Amino acid sequence: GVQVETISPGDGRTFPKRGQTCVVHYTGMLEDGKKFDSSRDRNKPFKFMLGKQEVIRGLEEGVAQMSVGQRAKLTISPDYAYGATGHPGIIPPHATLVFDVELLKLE
Ligand SMILES: CO[C@H]1C[C@@H]2CC[C@@H](C)[C@@](O)(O2)C(=O)C(=O)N2CCCC[C@H]2C(=O)O[C@H]([C@H](C)C[C@@H]2CC[C@@H](O)[C@H](OC)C2)CC(=O)[C@H](C)/C=C(\C)[C@@H](O)[C@@H](OC)C(=O)[C@H](C)C[C@H](C)/C=C/C=C/C=C/1C
């Protein structure tokens, strides 16, 4: 569902717990294609709480297996992303997504 390839290693010990707020930088693109979003270019980290279905399953499960400081390439299959419906106007049906995610801190 989500494949994780490490860009930079974390501490290897500090992982997100259920109900914790994850602070991340991300860049998102369609596989081998167009970039659709970046928190890095606007210099504003993205915050979400784990275990609250706030983000796509691929990102949730990608961040959940990352330690603090880790940066990774997340390849997210459509079923762990926006599926056959897509995201209106931005993400097509059956789109595999690539997120470059850095887990900055947990709060
Ligand atoms: C302008 O930028 C948008 C985000 C854009 C939307 C379009 C996509 C290309 C994208 O560019 O982000 C993008 O890169 C993307 O695909 N993202 C964002 C980064 C995390 C991964 C993914 C995602 O899951 O987006 C999310 C995706 C689009 C929809 C969710 C997917 C998972 C599913 O379980 C949810 O059903 C509920 C819906 C959008 C979000 O990350 C926002 C934060 C979360 C929600 C809207 C819901 O969780 C909602 O549930 C009631 C909430 O609890 C929120 C906090 C309540 C308040 C009022 C809403 C705030 C909305 C903020 C919107 C923001 C910052």
# chains A, B, ... in the order shown; residues from 1 in each chain; ligands from 1
$ residues_near_ligand --ligand "ligand 1" --cutoff "9 Å" --atoms "only C-alpha atoms and all ligand atoms" --output "ChimeraX atom specification"
/A:26-29,36-39,46-49,52-60,81-82,87-91,97,99
$ write_last_selection --atoms "N, CA, C and O atoms" --output "compact mmCIF listing (two decimals), in the first residue's frame"
# COMPACT_ATOMS: atom_id res chain seq x y z
N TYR A 26 6.56 18.13 3.67
CA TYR A 26 6.27 17.24 2.56
C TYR A 26 6.27 17.93 1.20
O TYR A 26 5.97 19.13 1.09
N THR A 27 6.62 17.16 0.18
CA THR A 27 6.42 17.53 -1.22
C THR A 27 5.68 16.37 -1.87
O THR A 27 6.07 15.21 -1.72
N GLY A 28 4.59 16.69 -2.57
CA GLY A 28 3.77 15.66 -3.20
C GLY A 28 3.73 15.80 -4.70
O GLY A 28 3.60 16.90 -5.24
N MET A 29 3.85 14.66 -5.39
CA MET A 29 3.77 14.62 -6.85
C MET A 29 3.07 13.36 -7.35
O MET A 29 3.04 12.34 -6.67
N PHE A 36 2.25 18.60 -7.06
CA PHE A 36 0.99 19.27 -6.76
C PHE A 36 0.99 20.10 -5.47
O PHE A 36 0.14 20.99 -5.30
N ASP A 37 1.93 19.83 -4.57
CA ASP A 37 2.00 20.54 -3.30
C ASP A 37 3.36 20.42 -2.63
O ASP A 37 4.06 19.42 -2.80
N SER A 38 3.72 21.45 -1.85
CA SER A 38 4.96 21.47 -1.08
C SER A 38 4.83 22.39 0.13
O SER A 38 4.52 23.57 -0.01
N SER A 39 5.08 21.83 1.31
CA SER A 39 5.11 22.61 2.55
C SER A 39 6.46 23.30 2.72
O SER A 39 6.58 24.27 3.48
N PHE A 46 3.68 20.98 8.14
CA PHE A 46 2.33 20.45 8.16
C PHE A 46 2.13 19.61 9.42
O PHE A 46 2.95 18.75 9.74
N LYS A 47 1.03 19.86 10.12
CA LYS A 47 0.73 19.15 11.36
C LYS A 47 -0.53 18.30 11.22
O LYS A 47 -1.55 18.76 10.70
N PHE A 48 -0.45 17.05 11.68
CA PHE A 48 -1.61 16.18 11.76
C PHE A 48 -1.50 15.22 12.95
O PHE A 48 -0.40 14.86 13.36
N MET A 49 -2.65 14.81 13.48
CA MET A 49 -2.70 13.87 14.60
C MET A 49 -2.94 12.46 14.09
O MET A 49 -3.88 12.21 13.33
N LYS A 52 -6.55 9.48 13.74
CA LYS A 52 -7.78 10.27 13.62
C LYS A 52 -8.29 10.34 12.18
O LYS A 52 -9.18 11.14 11.87
N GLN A 53 -7.74 9.49 11.31
CA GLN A 53 -8.10 9.45 9.88
C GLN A 53 -8.03 10.83 9.20
O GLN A 53 -8.85 11.16 8.34
N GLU A 54 -7.04 11.63 9.60
CA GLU A 54 -6.92 13.01 9.11
C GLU A 54 -6.32 13.07 7.71
O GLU A 54 -6.66 13.95 6.92
N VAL A 55 -5.42 12.14 7.42
CA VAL A 55 -4.70 12.13 6.15
C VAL A 55 -4.87 10.79 5.42
O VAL A 55 -5.33 9.82 6.01
N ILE A 56 -4.50 10.75 4.14
CA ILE A 56 -4.59 9.51 3.36
C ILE A 56 -3.82 8.38 4.05
O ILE A 56 -2.80 8.62 4.69
N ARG A 57 -4.35 7.16 3.94
CA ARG A 57 -3.81 5.99 4.64
C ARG A 57 -2.31 5.79 4.41
O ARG A 57 -1.57 5.45 5.34
N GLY A 58 -1.87 6.02 3.18
CA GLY A 58 -0.46 5.89 2.82
C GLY A 58 0.47 6.83 3.58
O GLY A 58 1.56 6.43 3.97
N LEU A 59 0.03 8.07 3.78
CA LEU A 59 0.82 9.04 4.53
C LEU A 59 0.82 8.72 6.02
O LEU A 59 1.86 8.76 6.66
N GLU A 60 -0.36 8.41 6.55
CA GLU A 60 -0.51 8.01 7.95
C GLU A 60 0.46 6.87 8.28
O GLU A 60 1.27 6.98 9.21
N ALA A 81 -4.41 5.97 -1.22
CA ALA A 81 -4.46 7.39 -1.50
C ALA A 81 -5.90 7.82 -1.79
O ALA A 81 -6.75 7.73 -0.90
N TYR A 82 -6.18 8.25 -3.02
CA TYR A 82 -7.52 8.75 -3.36
C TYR A 82 -8.35 7.80 -4.22
O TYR A 82 -9.46 8.15 -4.66
N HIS A 87 -8.90 12.93 -6.20
CA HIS A 87 -9.22 14.17 -5.50
C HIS A 87 -9.62 15.22 -6.53
O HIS A 87 -8.81 15.60 -7.38
N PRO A 88 -10.89 15.68 -6.47
CA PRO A 88 -11.44 16.56 -7.49
C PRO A 88 -10.51 17.71 -7.88
O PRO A 88 -10.08 18.48 -7.01
N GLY A 89 -10.18 17.80 -9.16
CA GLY A 89 -9.42 18.91 -9.71
C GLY A 89 -7.91 18.82 -9.63
O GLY A 89 -7.21 19.56 -10.32
N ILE A 90 -7.39 17.92 -8.79
CA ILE A 90 -5.95 17.82 -8.54
C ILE A 90 -5.37 16.41 -8.78
O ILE A 90 -4.38 16.25 -9.50
N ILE A 91 -5.99 15.40 -8.16
CA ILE A 91 -5.51 14.02 -8.25
C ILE A 91 -6.46 13.17 -9.08
O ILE A 91 -7.62 12.99 -8.71
N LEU A 97 0.84 8.05 -5.88
CA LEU A 97 1.41 9.31 -5.40
C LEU A 97 2.79 9.11 -4.78
O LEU A 97 3.06 8.08 -4.17
N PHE A 99 5.29 11.06 -2.10
CA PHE A 99 5.53 12.09 -1.11
C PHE A 99 6.94 11.99 -0.56
O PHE A 99 7.38 10.92 -0.14
$ select_by_dssp --residues "segment 30-107 of chain A" --states "helix (DSSP H, G or I)" --output "MDAnalysis selection string"
chainID A and resid 57:64 78:80
$ write_last_selection --atoms "N, CA and C atoms" --output "PDB file, in the first residue's frame"
ATOM      1  N   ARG A  57      -4.346   7.160   3.935  1.00  0.00           N
ATOM      2  CA  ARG A  57      -3.809   5.991   4.642  1.00  0.00           C
ATOM      3  C   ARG A  57      -2.310   5.793   4.412  1.00  0.00           C
ATOM      4  N   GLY A  58      -1.868   6.019   3.178  1.00  0.00           N
ATOM      5  CA  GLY A  58      -0.455   5.891   2.818  1.00  0.00           C
ATOM      6  C   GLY A  58       0.467   6.829   3.577  1.00  0.00           C
ATOM      7  N   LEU A  59       0.026   8.070   3.779  1.00  0.00           N
ATOM      8  CA  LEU A  59       0.817   9.045   4.528  1.00  0.00           C
ATOM      9  C   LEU A  59       0.817   8.721   6.018  1.00  0.00           C
ATOM     10  N   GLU A  60      -0.361   8.410   6.554  1.00  0.00           N
ATOM     11  CA  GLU A  60      -0.506   8.010   7.953  1.00  0.00           C
ATOM     12  C   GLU A  60       0.458   6.874   8.283  1.00  0.00           C
ATOM     13  N   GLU A  61       0.369   5.800   7.504  1.00  0.00           N
ATOM     14  CA  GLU A  61       1.157   4.595   7.750  1.00  0.00           C
ATOM     15  C   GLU A  61       2.631   4.793   7.410  1.00  0.00           C
ATOM     16  N   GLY A  62       2.903   5.699   6.475  1.00  0.00           N
ATOM     17  CA  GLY A  62       4.276   6.074   6.147  1.00  0.00           C
ATOM     18  C   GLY A  62       4.952   6.799   7.297  1.00  0.00           C
ATOM     19  N   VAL A  63       4.260   7.787   7.858  1.00  0.00           N
ATOM     20  CA  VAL A  63       4.803   8.589   8.955  1.00  0.00           C
ATOM     21  C   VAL A  63       4.913   7.754  10.237  1.00  0.00           C
ATOM     22  N   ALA A  64       3.947   6.858  10.439  1.00  0.00           N
ATOM     23  CA  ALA A  64       3.902   5.998  11.628  1.00  0.00           C
ATOM     24  C   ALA A  64       5.113   5.071  11.750  1.00  0.00           C
ATOM     25  N   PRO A  78      -2.847   3.774  -5.247  1.00  0.00           N
ATOM     26  CA  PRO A  78      -4.145   4.462  -5.268  1.00  0.00           C
ATOM     27  C   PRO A  78      -5.081   4.095  -4.113  1.00  0.00           C
ATOM     28  N   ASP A  79      -5.112   2.820  -3.722  1.00  0.00           N
ATOM     29  CA  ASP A  79      -6.026   2.372  -2.664  1.00  0.00           C
ATOM     30  C   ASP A  79      -5.666   2.931  -1.282  1.00  0.00           C
ATOM     31  N   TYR A  80      -4.404   3.323  -1.120  1.00  0.00           N
ATOM     32  CA  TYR A  80      -3.934   3.989   0.096  1.00  0.00           C
ATOM     33  C   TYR A  80      -3.883   5.504  -0.094  1.00  0.00           C
TER      34      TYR A  80
END
$ atom_distance --atom1 "atom CA of residue 94 of chain A" --atom2 "atom CA of residue 8 of chain A"
28.8 Å
$ closest_residue --among "A:13, A:107, A:100, A:92" --to "residue 74 of chain A" --atoms "only C-alpha atoms"
A:100
$ atom_distance --atom1 "atom CA of residue 22 of chain A" --atom2 "atom CA of residue 71 of chain A"
13.2 Å
$ select_by_dssp --residues "chain A" --states "strand (DSSP E or B)" --output "PyMOL selection string"
chain A and resi 2-8+21-30+35-38+46-49+71-76+87+91+97-106
$ write_last_selection --atoms "C-alpha atoms" --output "compact mmCIF listing (two decimals), in the first residue's frame"
# COMPACT_ATOMS: atom_id res chain seq x y z
CA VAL A 2 2.80 2.40 0.93
CA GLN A 3 6.46 1.75 0.11
CA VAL A 4 9.02 3.68 2.18
CA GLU A 5 12.55 4.46 0.96
CA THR A 6 14.81 6.39 3.32
CA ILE A 7 16.29 9.68 2.08
CA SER A 8 17.83 10.54 5.48
CA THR A 21 0.69 15.30 16.58
CA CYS A 22 3.23 14.75 13.81
CA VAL A 23 4.99 17.81 12.41
CA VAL A 24 6.29 17.16 8.90
CA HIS A 25 7.62 18.76 5.76
CA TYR A 26 6.27 17.24 2.56
CA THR A 27 6.42 17.53 -1.22
CA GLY A 28 3.77 15.66 -3.20
CA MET A 29 3.77 14.62 -6.85
CA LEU A 30 2.02 12.26 -9.24
CA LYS A 35 4.29 18.24 -8.35
CA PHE A 36 0.99 19.27 -6.76
CA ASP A 37 2.00 20.54 -3.30
CA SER A 38 4.96 21.47 -1.08
CA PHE A 46 2.33 20.45 8.16
CA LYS A 47 0.73 19.15 11.36
CA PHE A 48 -1.61 16.18 11.76
CA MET A 49 -2.70 13.87 14.60
CA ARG A 71 13.19 11.82 5.71
CA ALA A 72 11.70 9.33 3.24
CA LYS A 73 10.25 8.85 -0.23
CA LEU A 74 6.74 7.42 0.18
CA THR A 75 5.28 5.67 -2.86
CA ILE A 76 1.55 5.41 -2.21
CA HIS A 87 -9.22 14.17 -5.50
CA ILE A 91 -5.51 14.02 -8.25
CA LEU A 97 1.41 9.31 -5.40
CA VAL A 98 4.96 10.13 -4.31
CA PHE A 99 5.53 12.09 -1.11
CA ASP A 100 8.94 13.26 0.09
CA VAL A 101 8.27 13.47 3.84
CA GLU A 102 10.48 14.58 6.73
CA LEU A 103 9.34 13.89 10.30
CA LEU A 104 10.50 17.06 12.08
CA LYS A 105 9.07 16.58 15.57
CA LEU A 106 6.34 14.97 17.69
$ closest_residue --among "A:51, A:33, A:1, A:45" --to "residue 19 of chain A" --atoms "only C-alpha atoms"
A:51
$ closest_residue --among "A:84, A:77, A:65, A:16" --to "residue 31 of chain A" --atoms "only C-alpha atoms"
A:77
$ atom_distance --atom1 "atom CA of residue 93 of chain A" --atom2 "atom CA of residue 66 of chain A"
27.7 Å
$ decode --residues "chain A" --atoms "C-alpha atoms" --output "compact mmCIF listing (two decimals), in the first residue's frame"
# COMPACT_ATOMS: atom_id res chain seq x y z
CA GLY A 1 0.00 0.00 0.00
CA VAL A 2 2.80 2.40 0.93
CA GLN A 3 6.46 1.75 0.11
CA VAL A 4 9.02 3.68 2.18
CA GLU A 5 12.55 4.46 0.96
CA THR A 6 14.81 6.39 3.32
CA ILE A 7 16.29 9.68 2.08
CA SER A 8 17.83 10.54 5.48
CA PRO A 9 17.78 8.30 8.57
CA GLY A 10 16.04 9.26 11.82
CA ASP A 11 17.26 8.43 15.31
CA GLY A 12 15.87 4.91 14.83
CA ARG A 13 14.13 4.95 18.22
CA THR A 14 11.52 7.74 18.48
CA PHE A 15 8.39 6.73 16.57
CA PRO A 16 4.92 8.37 16.57
CA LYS A 17 2.43 7.09 19.15
CA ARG A 18 -1.35 6.93 18.64
CA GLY A 19 -2.92 10.36 19.14
CA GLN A 20 0.38 12.23 18.81
CA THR A 21 0.69 15.30 16.58
CA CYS A 22 3.23 14.75 13.81
CA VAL A 23 4.99 17.81 12.41
CA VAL A 24 6.29 17.16 8.90
CA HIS A 25 7.62 18.76 5.76
CA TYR A 26 6.27 17.24 2.56
CA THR A 27 6.42 17.53 -1.22
CA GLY A 28 3.77 15.66 -3.20
CA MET A 29 3.77 14.62 -6.85
CA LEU A 30 2.02 12.26 -9.24
CA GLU A 31 4.29 9.29 -10.00
CA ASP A 32 6.91 10.29 -12.61
CA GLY A 33 5.02 13.55 -13.11
CA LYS A 34 3.62 16.82 -11.82
CA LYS A 35 4.29 18.24 -8.35
CA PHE A 36 0.99 19.27 -6.76
CA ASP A 37 2.00 20.54 -3.30
CA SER A 38 4.96 21.47 -1.08
CA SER A 39 5.11 22.61 2.55
CA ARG A 40 8.84 23.34 2.09
CA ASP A 41 8.39 26.10 -0.53
CA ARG A 42 5.97 27.99 1.75
CA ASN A 43 8.26 27.46 4.78
CA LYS A 44 5.39 26.10 6.89
CA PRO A 45 5.47 22.59 8.43
CA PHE A 46 2.33 20.45 8.16
CA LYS A 47 0.73 19.15 11.36
CA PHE A 48 -1.61 16.18 11.76
CA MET A 49 -2.70 13.87 14.60
CA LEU A 50 -2.20 10.13 14.10
CA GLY A 51 -5.11 7.71 14.56
CA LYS A 52 -7.78 10.27 13.62
CA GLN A 53 -8.10 9.45 9.88
CA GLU A 54 -6.92 13.01 9.11
CA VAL A 55 -4.70 12.13 6.15
CA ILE A 56 -4.59 9.51 3.36
CA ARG A 57 -3.81 5.99 4.64
CA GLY A 58 -0.46 5.89 2.82
CA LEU A 59 0.82 9.04 4.53
CA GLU A 60 -0.51 8.01 7.95
CA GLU A 61 1.16 4.59 7.75
CA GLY A 62 4.28 6.07 6.15
CA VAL A 63 4.80 8.59 8.95
CA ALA A 64 3.90 6.00 11.63
CA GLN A 65 6.89 3.83 10.61
CA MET A 66 9.32 6.78 10.61
CA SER A 67 11.50 7.94 13.51
CA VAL A 68 12.12 11.59 14.47
CA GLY A 69 14.47 13.30 12.00
CA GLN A 70 13.84 10.71 9.27
CA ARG A 71 13.19 11.82 5.71
CA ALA A 72 11.70 9.33 3.24
CA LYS A 73 10.25 8.85 -0.23
CA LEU A 74 6.74 7.42 0.18
CA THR A 75 5.28 5.67 -2.86
CA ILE A 76 1.55 5.41 -2.21
CA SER A 77 -0.70 3.10 -4.24
CA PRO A 78 -4.15 4.46 -5.27
CA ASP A 79 -6.03 2.37 -2.66
CA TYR A 80 -3.93 3.99 0.10
CA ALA A 81 -4.46 7.39 -1.50
CA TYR A 82 -7.52 8.75 -3.36
CA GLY A 83 -8.55 5.51 -5.09
CA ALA A 84 -10.87 5.26 -8.09
CA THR A 85 -12.52 8.58 -7.21
CA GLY A 86 -9.36 10.71 -7.07
CA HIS A 87 -9.22 14.17 -5.50
CA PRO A 88 -11.44 16.56 -7.49
CA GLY A 89 -9.42 18.91 -9.71
CA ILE A 90 -5.95 17.82 -8.54
CA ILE A 91 -5.51 14.02 -8.25
CA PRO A 92 -6.77 11.77 -11.09
CA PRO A 93 -8.52 8.41 -10.50
CA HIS A 94 -6.09 5.52 -9.83
CA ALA A 95 -3.12 7.82 -9.18
CA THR A 96 0.01 6.47 -7.52
CA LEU A 97 1.41 9.31 -5.40
CA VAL A 98 4.96 10.13 -4.31
CA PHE A 99 5.53 12.09 -1.11
CA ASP A 100 8.94 13.26 0.09
CA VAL A 101 8.27 13.47 3.84
CA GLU A 102 10.48 14.58 6.73
CA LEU A 103 9.34 13.89 10.30
CA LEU A 104 10.50 17.06 12.08
CA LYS A 105 9.07 16.58 15.57
CA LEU A 106 6.34 14.97 17.69
CA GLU A 107 4.03 17.00 19.94
